[PDB]
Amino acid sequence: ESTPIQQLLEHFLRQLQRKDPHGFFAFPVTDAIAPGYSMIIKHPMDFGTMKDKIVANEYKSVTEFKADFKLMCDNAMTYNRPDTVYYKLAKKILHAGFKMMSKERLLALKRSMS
């Protein structure tokens, strides 16, 4: 079934999803739920899509995965007002991921791979 990089990335995704227990980031945002979204946000992303990409083996590196994670958070902070739940939760997730996938963390991981 899986490869080592796929397992690492599924680990990171599970930990990130735990901060969103209601699933606001689980599926794509549509124009029905968010008026005019498709005008304002050109490159949509969500946790469901990221999971599908991991399973299809579309990510070559943690860099590539981290870039989709930050796009998802930036989209939500661009579209939604600061006072909203969606904005506040996107900021919470963004911090968690930057900490979880820091250069310091990945260095330690790379040292344990000898």
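Throughout, we count residues from 1 along the sequence that is shown.
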Inset, instruction - Quick one: say whether 31-39 or 70-78 has the higher mean Cα B-factor in the deposited entry. - result: 31-39
Legend entry - Peak C-alpha temperature factor (PDB record), options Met45, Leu89, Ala56, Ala26: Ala56
Inset, instruction - Relative to the other modelled residues of the same chain, rank the CA B-factor of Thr63 and answer lowest, middle or highest third. - result: middle
Inset, instruction - Rank-wise, by C-alpha B-factor, drop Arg14 into the lowest, middle or highest third of its chain. - result: middle
Legend entry - Chain-relative CA temperature factor third for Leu109: highest
